[PDB]
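Chemist: Quick check, what structure comes out for this input:
(2 chains, ligands or ions: 1)
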Amino acid sequence: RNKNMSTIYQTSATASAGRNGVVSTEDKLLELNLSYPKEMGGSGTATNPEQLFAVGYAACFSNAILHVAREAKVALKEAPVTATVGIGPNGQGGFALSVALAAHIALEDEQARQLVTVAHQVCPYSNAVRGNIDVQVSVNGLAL
Amino acid sequence: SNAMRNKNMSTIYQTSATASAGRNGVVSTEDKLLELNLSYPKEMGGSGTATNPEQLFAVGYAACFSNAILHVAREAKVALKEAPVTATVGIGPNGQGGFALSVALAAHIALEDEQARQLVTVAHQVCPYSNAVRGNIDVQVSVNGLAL
Ligand SMILES: C[C@@H](CS)C(=O)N1CCC[C@@H]1C(=O)O
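Modeler: Numbers count the residues shown, from 1 in each chain, chains lettered A, B, ... in the order given. Take a look:
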């Protein structure tokens, strides 16, 4: 489930001032300023690793749903996904993420459900956090 | 996996983003601090002209891990001006019909030997990304070119 058996795509990024400086892909396709959010005492003038994870997870899960749709020959124009990410202490000295994913799919409900369930199985963010984060997944307003 | 080490016991910060992905996708945070175009990479049947979830994961994990190192150096009163971290992320098939990420974290800091190992080991226990992927991804962590 967890082994990447043959790398199809590889990328890299470098940061040096943690949550409060610049971060960029080594190809420079993506170059971003980061700052602490207001909730953490910062300026909120820029993004942060929690928002990045939300953006990337929403995008990965949306890609995943469209992937499965293509494979099932289901014509889906869009697969909007809202990802909500929280961060707090884990009580052992570190920090942990909590995640909710809300998918909105123009299909009959049982069908949408099946599709999104398979997508959650195949999505590499989902495989990455499986058993660590209990990702709360819903499809068209209903929890899976 | 370890569920327990991943209980968010009380939320300090919460954020939301909505993506409509694909070949011409878009994602934006609820508050628009971040609005991005998405594409599949050229390696994956796309145009590779905008970003993608692996790049976003790499930028996020690199920043998170750099911060984790500075955080532990601060607590330990070890003077670091900075903590360069390169995060390398790959995606490929898993053999069960899905996809998996592979990740390396390469730190380059002004501290060595067992002290640096101890410090970066601590940073890797506390970083939320590392706790999210523990046991699933075997994150290859190195400091100053050497295995953690
Ligand atoms: C660039 C990646 C998004 S992480 C992708 O296009 N896909 C579609 C196939 C693998 C993966 C997925 O989400 O399941």
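Chemist: got the residues of chain A near the ligand?
Modeler: Residues of chain A lying close to the ligand by CB under 6 Å from any ligand atom are A:60, A:63-64, A:67, A:122-124. C-beta here means a position set from N, CA and C on the backbone, and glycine is covered the same way.
Chemist: Could you pull up phi and psi at the residue nearest in space to the middle of chain A?
Modeler: Residue closest to the mean C-alpha point of chain A, counted by CA atoms, centre = their mean, is residue A:57 at 0.9 Å. Torsion angles at residue A:57 (phi, psi; degrees, to the nearest 10) stand at phi -70, psi -40.
Chemist: mind listing what it touches?
Modeler: For residue A:57, the contacting residues are A:83, A:85, A:99, A:101, A:125, B:17, B:53, by CB atoms under 8 Å, 6 or more residues apart in numbering or on different chains.
Chemist: how does it look with 7 Å?
Modeler: By CB atoms under 7 Å, 6 or more residues apart in numbering or on different chains, the contact list for residue A:57 reads A:83, A:99, A:101, A:125.
Chemist: swap in residue A:10?
Modeler: B:88, B:90.
Chemist: Residue A:34 now?
Modeler: For residue A:34, the contacting residues are A:19-21, A:23, A:46-48, B:63, by CB under 7 Å, 6+ apart.
Chemist: any chance of those residues in TSV, plus secondary structure?
Modeler: As requested, those are exported to TSV (DSSP: H, G, I helix; E, B strand; the rest coil):
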residue	secondary structure
A:19	coil
A:20	coil
A:21	coil
A:23	strand
A:46	coil
A:47	strand
A:48	coil
B:63	helix
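Chemist: care to break chain A down by domain?
Modeler: When chain A is parsed with curated CATH domains, its domains come out as A:1-47, A:48-144.
Chemist: deepest of those domains, which one?
Modeler: Looking across the domains of chain A with neighbours counted as mean count of other CB atoms under 10 Å in any protein chain shown, the highest average goes to domain A:48-144: a mean of 21.
Chemist: so which of the contacts of residue A:57 comes closest to the ligand?
Modeler: In terms of CB to the nearest ligand atom, no member of the contacts of residue A:57 lies closer to the ligand than residue A:125, at 7.1 Å.
Chemist: Excluding residues flanking it in the chain, which one is nearest the closest one?
Modeler: Nearest residue to residue A:125, sequence neighbours excluded (CB to CB, 6 or more residues apart in numbering or on different chains): residue A:60, at 4.5 Å.
Chemist: so that neighbour touches residue A:124, yeah?
Modeler: Yes. Shown here, residue A:60 and residue A:124 form a contact pair, counting by CB atoms under 7 Å, at 6.5 Å.
Chemist: Identify the contacts common to those two.
Modeler: With CB under 7 Å, 6+ apart applied, the contact sets of residue A:60 and residue A:124 do not overlap.
Chemist: Quick check: chain neighbours aside, which residue is closest to residue A:35?
Modeler: The nearest residue in space to residue A:35 (CB to CB, 6+ apart) is residue A:46, at 4.0 Å.
Chemist: The one you found is in contact with residue A:31, isn't it?
Modeler: No. Using CB under 7 Å, residue A:46 is not in contact with residue A:31, being 11.9 Å away.
Chemist: hey, what's the closest residue to residue A:136 other than its chain neighbours bridged with?
Modeler: Counting by CB to CB, 6+ apart, residue A:136 lies nearest to residue A:100, which is 4.2 Å off, once chain neighbours are set aside. Beta-bridge pairing for residue A:100 (DSSP bridges): residue A:84, residue A:136.
Chemist: Against the ligand, how distant is residue A:100?
Modeler: Going from residue A:100 to the ligand by CB to the nearest ligand atom, to the nearest Å gives 18 Å.
Chemist: Repeat that for residue A:13.
Modeler: Note on residue A:13: its distance to the ligand, by CB to the nearest ligand atom, is 15 Å.
Chemist: Write down the beta-bridge partners of that residue, one by one.
Modeler: Counting by DSSP bridges, residue A:13 is bridged to residue A:25, residue B:87.
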